[PDB]
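Quick notes on the structure that follows.
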Amino acid sequence: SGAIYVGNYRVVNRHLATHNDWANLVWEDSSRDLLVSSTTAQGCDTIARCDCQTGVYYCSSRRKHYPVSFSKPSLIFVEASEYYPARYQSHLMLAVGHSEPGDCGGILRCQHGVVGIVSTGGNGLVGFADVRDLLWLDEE
Ligand SMILES: COCC(=O)Nc1c(Cl)cc(C)cc1OCc1ncccn1
Ligand SMILES: [Zn+2]
């Protein structure tokens, strides 16, 4: 589990969104595994605006933050889980890093701020849904 809290937005994995998220919906995209809902309080996270390929992510199944190198956001074939059929995920970055299902929502961050959240992994893979292209998270 986990979310990004930027401005009056809450960014979560679409597959982990609650009824309150869906009832206060701003934007969602199944191909990216992302959903954004509105919040009453302002958040403290800042979004990175960059092309970094190194950063640090939080792994709840280890209670640890790990430094990683990660690929650029791409369209990458993702095998079945309980939430989607084997399908093509978009805006996804991969790293070698330990991963299990409930890890989704952990933040990946670089020197500029929040890069994305955990979404996929296995087999020593961890996939991050990128948020750096969502420039509107910084306004309104
Ligand atoms: C074995 O069931 C699939 C599963 O839940 N795997 C998975 C794992 Cl190990 C870890 C995370 C955080 C997400 C995951 O799910 C998305 C996903 N499905 C498949 C392949 C890669 N990423
Ligand atoms: Zn960066």
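Each chain in the structure tokens gets a letter, A, B, ..., in the order shown, and its residues are numbered from 1; ligands are numbered from 1 in order too.
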
Subject >> All helix (DSSP H, G or I) residues (DSSP, backbone) inside chain A, as an NGL selection string >> reply: :A and (14-16 or 19-23 or 30-32 or 101-103 or 135-138)

Selected residues, C-alpha atoms, written as a PDB file, in the first residue's frame, please.
ATOM      1  CA  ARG A  14      -5.586   2.113  -9.586  1.00  0.00           C
ATOM      2  CA  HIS A  15      -5.956  -1.499  -8.379  1.00  0.00           C
ATOM      3  CA  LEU A  16      -5.738  -0.365  -4.684  1.00  0.00           C
ATOM      4  CA  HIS A  19     -14.533   3.746  -2.687  1.00  0.00           C
ATOM      5  CA  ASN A  20     -13.665   7.230  -1.348  1.00  0.00           C
ATOM      6  CA  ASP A  21     -10.983   7.560  -4.079  1.00  0.00           C
ATOM      7  CA  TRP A  22     -13.540   6.629  -6.812  1.00  0.00           C
ATOM      8  CA  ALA A  23     -16.158   9.007  -5.266  1.00  0.00           C
ATOM      9  CA  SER A  30      -5.905   1.348 -16.278  1.00  0.00           C
ATOM     10  CA  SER A  31      -3.032   0.967 -18.764  1.00  0.00           C
ATOM     11  CA  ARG A  32      -0.737   2.848 -16.304  1.00  0.00           C
ATOM     12  CA  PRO A 101       2.273  -7.858  -4.360  1.00  0.00           C
ATOM     13  CA  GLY A 102       1.446  -5.597  -1.307  1.00  0.00           C
ATOM     14  CA  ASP A 103       4.645  -3.655  -2.017  1.00  0.00           C
ATOM     15  CA  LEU A 135       2.561  18.181 -15.004  1.00  0.00           C
ATOM     16  CA  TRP A 136      -0.938  19.083 -13.809  1.00  0.00           C
ATOM     17  CA  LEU A 137      -0.181  17.458 -10.393  1.00  0.00           C
ATOM     18  CA  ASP A 138       1.778  20.716  -9.638  1.00  0.00           C
TER      19      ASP A 138
END

Find the residues of range 78-113 of chain A that sit at most 9 Å from range 59-62 of chain A; for each, write down the nearest two atoms and how far apart they are in Å, to one decimal. Count only C-alpha atoms. Sort by chain, then by number going up, and give it as a Markdown table.
| residue | atom | partner | partner_atom | distance |
| --- | --- | --- | --- | --- |
| A:97 | CA | A:59 | CA | 8.9 |
| A:98 | CA | A:59 | CA | 7.5 |
| A:99 | CA | A:59 | CA | 7.2 |
| A:100 | CA | A:61 | CA | 7.1 |
| A:102 | CA | A:60 | CA | 7.8 |
| A:103 | CA | A:60 | CA | 5.5 |
| A:104 | CA | A:60 | CA | 8.7 |
| A:106 | CA | A:59 | CA | 6.3 |
| A:107 | CA | A:59 | CA | 8.6 |

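Based on only C-alpha atoms and all ligand atoms, the protein and nucleic acid residues found within 10 Å of ligand 2 are, by chain and then by number, residues 47, 48, 49, 50, 51, 52, 53, 54, 55, 109, 110, 111, 112, 113, 114, 115 and 132 of chain A.
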
**OP:** Just the residues within 10 Å of residue 70 in chain A, please, counting only C-alpha atoms, with nothing from its chain fewer than 2 positions along; format it as an NGL selection string.
**Re:** :A and (52-56 or 67-68 or 72-73 or 92-97 or 108 or 126-128)

List every residue of range 71-137 of chain A that DSSP, applied to the backbone of this structure, places in strand (DSSP E or B), and write the result as a PDB file with N, CA, C and O atoms, in the first residue's frame.
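Produced file selection.pdb, reproduced below:
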ATOM      1  N   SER A  74       8.326   3.013 -20.304  1.00  0.00           N
ATOM      2  CA  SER A  74       8.120   2.284 -21.545  1.00  0.00           C
ATOM      3  C   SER A  74       6.846   1.443 -21.463  1.00  0.00           C
ATOM      4  O   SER A  74       6.223   1.281 -20.407  1.00  0.00           O
ATOM      5  N   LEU A  75       6.518   0.802 -22.623  1.00  0.00           N
ATOM      6  CA  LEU A  75       5.386  -0.094 -22.748  1.00  0.00           C
ATOM      7  C   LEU A  75       5.966  -1.499 -22.584  1.00  0.00           C
ATOM      8  O   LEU A  75       6.768  -1.951 -23.428  1.00  0.00           O
ATOM      9  N   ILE A  76       5.673  -2.185 -21.532  1.00  0.00           N
ATOM     10  CA  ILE A  76       6.387  -3.425 -21.170  1.00  0.00           C
ATOM     11  C   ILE A  76       5.346  -4.502 -20.870  1.00  0.00           C
ATOM     12  O   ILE A  76       4.344  -4.237 -20.228  1.00  0.00           O
ATOM     13  N   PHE A  77       5.487  -5.656 -21.466  1.00  0.00           N
ATOM     14  CA  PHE A  77       4.564  -6.786 -21.202  1.00  0.00           C
ATOM     15  C   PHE A  77       4.636  -7.222 -19.758  1.00  0.00           C
ATOM     16  O   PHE A  77       5.735  -7.527 -19.299  1.00  0.00           O
ATOM     17  N   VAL A  78       3.462  -7.227 -19.119  1.00  0.00           N
ATOM     18  CA  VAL A  78       3.349  -7.568 -17.671  1.00  0.00           C
ATOM     19  C   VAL A  78       2.411  -8.783 -17.498  1.00  0.00           C
ATOM     20  O   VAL A  78       1.292  -8.765 -18.094  1.00  0.00           O
ATOM     21  N   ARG A  87      -0.916  -8.327 -19.805  1.00  0.00           N
ATOM     22  CA  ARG A  87      -1.248  -7.244 -20.696  1.00  0.00           C
ATOM     23  C   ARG A  87      -0.056  -6.284 -20.846  1.00  0.00           C
ATOM     24  O   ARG A  87       0.896  -6.403 -20.073  1.00  0.00           O
ATOM     25  N   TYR A  88      -0.184  -5.268 -21.684  1.00  0.00           N
ATOM     26  CA  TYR A  88       0.896  -4.274 -21.895  1.00  0.00           C
ATOM     27  C   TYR A  88       0.658  -3.042 -21.045  1.00  0.00           C
ATOM     28  O   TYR A  88      -0.443  -2.440 -21.193  1.00  0.00           O
ATOM     29  N   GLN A  89       1.571  -2.833 -20.090  1.00  0.00           N
ATOM     30  CA  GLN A  89       1.524  -1.668 -19.191  1.00  0.00           C
ATOM     31  C   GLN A  89       2.268  -0.528 -19.889  1.00  0.00           C
ATOM     32  O   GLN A  89       3.477  -0.700 -20.284  1.00  0.00           O
ATOM     33  N   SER A  90       1.700   0.673 -19.719  1.00  0.00           N
ATOM     34  CA  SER A  90       2.426   1.795 -20.268  1.00  0.00           C
ATOM     35  C   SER A  90       3.056   2.648 -19.123  1.00  0.00           C
ATOM     36  O   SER A  90       2.670   2.532 -17.957  1.00  0.00           O
ATOM     37  N   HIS A  91       4.046   3.466 -19.516  1.00  0.00           N
ATOM     38  CA  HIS A  91       4.746   4.401 -18.623  1.00  0.00           C
ATOM     39  C   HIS A  91       5.374   3.654 -17.428  1.00  0.00           C
ATOM     40  O   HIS A  91       5.381   4.185 -16.300  1.00  0.00           O
ATOM     41  N   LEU A  92       5.896   2.464 -17.657  1.00  0.00           N
ATOM     42  CA  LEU A  92       6.427   1.589 -16.605  1.00  0.00           C
ATOM     43  C   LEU A  92       7.961   1.557 -16.679  1.00  0.00           C
ATOM     44  O   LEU A  92       8.523   1.551 -17.774  1.00  0.00           O
ATOM     45  N   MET A  93       8.626   1.606 -15.515  1.00  0.00           N
ATOM     46  CA  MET A  93      10.106   1.574 -15.422  1.00  0.00           C
ATOM     47  C   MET A  93      10.478   0.334 -14.632  1.00  0.00           C
ATOM     48  O   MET A  93       9.859   0.068 -13.609  1.00  0.00           O
ATOM     49  N   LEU A  94      11.521  -0.404 -15.042  1.00  0.00           N
ATOM     50  CA  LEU A  94      11.903  -1.602 -14.312  1.00  0.00           C
ATOM     51  C   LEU A  94      13.271  -1.448 -13.657  1.00  0.00           C
ATOM     52  O   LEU A  94      14.162  -0.744 -14.182  1.00  0.00           O
ATOM     53  N   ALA A  95      13.444  -2.100 -12.526  1.00  0.00           N
ATOM     54  CA  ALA A  95      14.742  -2.148 -11.802  1.00  0.00           C
ATOM     55  C   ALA A  95      14.890  -3.565 -11.217  1.00  0.00           C
ATOM     56  O   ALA A  95      13.898  -4.319 -11.096  1.00  0.00           O
ATOM     57  N   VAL A  96      16.112  -3.906 -10.804  1.00  0.00           N
ATOM     58  CA  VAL A  96      16.347  -5.138 -10.096  1.00  0.00           C
ATOM     59  C   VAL A  96      16.153  -4.876  -8.594  1.00  0.00           C
ATOM     60  O   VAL A  96      16.801  -4.020  -8.003  1.00  0.00           O
ATOM     61  N   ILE A 107       7.097   4.563  -2.640  1.00  0.00           N
ATOM     62  CA  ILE A 107       7.632   5.618  -3.532  1.00  0.00           C
ATOM     63  C   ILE A 107       9.014   5.329  -4.043  1.00  0.00           C
ATOM     64  O   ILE A 107       9.895   4.887  -3.260  1.00  0.00           O
ATOM     65  N   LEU A 108       9.248   5.655  -5.296  1.00  0.00           N
ATOM     66  CA  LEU A 108      10.573   5.781  -5.930  1.00  0.00           C
ATOM     67  C   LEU A 108      10.852   7.281  -6.010  1.00  0.00           C
ATOM     68  O   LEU A 108       9.999   8.058  -6.508  1.00  0.00           O
ATOM     69  N   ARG A 109      12.022   7.710  -5.554  1.00  0.00           N
ATOM     70  CA  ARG A 109      12.405   9.152  -5.556  1.00  0.00           C
ATOM     71  C   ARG A 109      13.828   9.301  -6.047  1.00  0.00           C
ATOM     72  O   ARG A 109      14.675   8.420  -5.886  1.00  0.00           O
ATOM     73  N   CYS A 110      14.124  10.459  -6.654  1.00  0.00           N
ATOM     74  CA  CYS A 110      15.477  10.803  -7.144  1.00  0.00           C
ATOM     75  C   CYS A 110      15.829  12.111  -6.459  1.00  0.00           C
ATOM     76  O   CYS A 110      15.136  12.605  -5.541  1.00  0.00           O
ATOM     77  N   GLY A 113      12.872  14.774  -6.471  1.00  0.00           N
ATOM     78  CA  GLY A 113      11.567  14.556  -5.841  1.00  0.00           C
ATOM     79  C   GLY A 113      11.021  13.157  -6.164  1.00  0.00           C
ATOM     80  O   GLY A 113      11.769  12.231  -6.527  1.00  0.00           O
ATOM     81  N   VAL A 114       9.666  13.025  -6.071  1.00  0.00           N
ATOM     82  CA  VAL A 114       9.007  11.724  -6.319  1.00  0.00           C
ATOM     83  C   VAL A 114       8.941  11.415  -7.797  1.00  0.00           C
ATOM     84  O   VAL A 114       8.523  12.278  -8.591  1.00  0.00           O
ATOM     85  N   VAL A 115       9.377  10.241  -8.187  1.00  0.00           N
ATOM     86  CA  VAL A 115       9.418   9.766  -9.557  1.00  0.00           C
ATOM     87  C   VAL A 115       8.211   8.927  -9.917  1.00  0.00           C
ATOM     88  O   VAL A 115       7.661   8.983 -11.024  1.00  0.00           O
ATOM     89  N   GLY A 116       7.798   8.045  -8.992  1.00  0.00           N
ATOM     90  CA  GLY A 116       6.679   7.117  -9.272  1.00  0.00           C
ATOM     91  C   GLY A 116       6.405   6.213  -8.086  1.00  0.00           C
ATOM     92  O   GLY A 116       6.947   6.463  -6.992  1.00  0.00           O
ATOM     93  N   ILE A 117       5.564   5.213  -8.283  1.00  0.00           N
ATOM     94  CA  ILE A 117       5.227   4.281  -7.198  1.00  0.00           C
ATOM     95  C   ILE A 117       5.350   2.841  -7.686  1.00  0.00           C
ATOM     96  O   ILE A 117       5.121   2.548  -8.897  1.00  0.00           O
ATOM     97  N   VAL A 118       5.658   1.918  -6.774  1.00  0.00           N
ATOM     98  CA  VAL A 118       5.750   0.487  -7.127  1.00  0.00           C
ATOM     99  C   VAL A 118       4.391   0.050  -7.681  1.00  0.00           C
ATOM    100  O   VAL A 118       3.332   0.346  -7.074  1.00  0.00           O
ATOM    101  N   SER A 119       4.375  -0.865  -8.655  1.00  0.00           N
ATOM    102  CA  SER A 119       3.210  -1.349  -9.480  1.00  0.00           C
ATOM    103  C   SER A 119       3.419  -2.836  -9.861  1.00  0.00           C
ATOM    104  O   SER A 119       2.494  -3.573  -9.669  1.00  0.00           O
ATOM    105  N   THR A 120       4.619  -3.251 -10.315  1.00  0.00           N
ATOM    106  CA  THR A 120       4.934  -4.630 -10.797  1.00  0.00           C
ATOM    107  C   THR A 120       6.269  -5.153 -10.269  1.00  0.00           C
ATOM    108  O   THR A 120       7.036  -4.342  -9.682  1.00  0.00           O
ATOM    109  N   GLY A 121       6.446  -6.462 -10.310  1.00  0.00           N
ATOM    110  CA  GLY A 121       7.741  -7.021  -9.961  1.00  0.00           C
ATOM    111  C   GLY A 121       7.664  -8.539  -9.905  1.00  0.00           C
ATOM    112  O   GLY A 121       6.640  -9.182 -10.269  1.00  0.00           O
ATOM    113  N   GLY A 122       8.742  -9.104  -9.438  1.00  0.00           N
ATOM    114  CA  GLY A 122       8.769 -10.569  -9.316  1.00  0.00           C
ATOM    115  C   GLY A 122      10.077 -11.025  -9.850  1.00  0.00           C
ATOM    116  O   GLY A 122      10.633 -10.326 -10.716  1.00  0.00           O
ATOM    117  N   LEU A 125      12.353  -8.692  -9.960  1.00  0.00           N
ATOM    118  CA  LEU A 125      11.974  -7.411 -10.645  1.00  0.00           C
ATOM    119  C   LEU A 125      11.041  -6.484  -9.839  1.00  0.00           C
ATOM    120  O   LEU A 125      10.253  -7.016  -8.961  1.00  0.00           O
ATOM    121  N   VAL A 126      11.268  -5.156  -9.955  1.00  0.00           N
ATOM    122  CA  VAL A 126      10.301  -4.165  -9.377  1.00  0.00           C
ATOM    123  C   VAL A 126      10.037  -3.149 -10.500  1.00  0.00           C
ATOM    124  O   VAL A 126      11.052  -2.796 -11.166  1.00  0.00           O
ATOM    125  N   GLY A 127       8.758  -2.873 -10.826  1.00  0.00           N
ATOM    126  CA  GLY A 127       8.276  -1.985 -11.940  1.00  0.00           C
ATOM    127  C   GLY A 127       7.636  -0.800 -11.242  1.00  0.00           C
ATOM    128  O   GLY A 127       6.848  -1.017 -10.243  1.00  0.00           O
ATOM    129  N   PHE A 128       8.022   0.377 -11.721  1.00  0.00           N
ATOM    130  CA  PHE A 128       7.452   1.635 -11.169  1.00  0.00           C
ATOM    131  C   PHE A 128       6.538   2.344 -12.173  1.00  0.00           C
ATOM    132  O   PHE A 128       6.979   2.528 -13.353  1.00  0.00           O
ATOM    133  N   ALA A 129       5.320   2.729 -11.718  1.00  0.00           N
ATOM    134  CA  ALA A 129       4.472   3.590 -12.572  1.00  0.00           C
ATOM    135  C   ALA A 129       5.017   5.017 -12.480  1.00  0.00           C
ATOM    136  O   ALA A 129       4.999   5.610 -11.396  1.00  0.00           O
ATOM    137  N   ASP A 130       5.505   5.584 -13.596  1.00  0.00           N
ATOM    138  CA  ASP A 130       6.040   6.937 -13.604  1.00  0.00           C
ATOM    139  C   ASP A 130       4.934   7.960 -13.453  1.00  0.00           C
ATOM    140  O   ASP A 130       3.798   7.771 -13.943  1.00  0.00           O
TER     141      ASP A 130
END
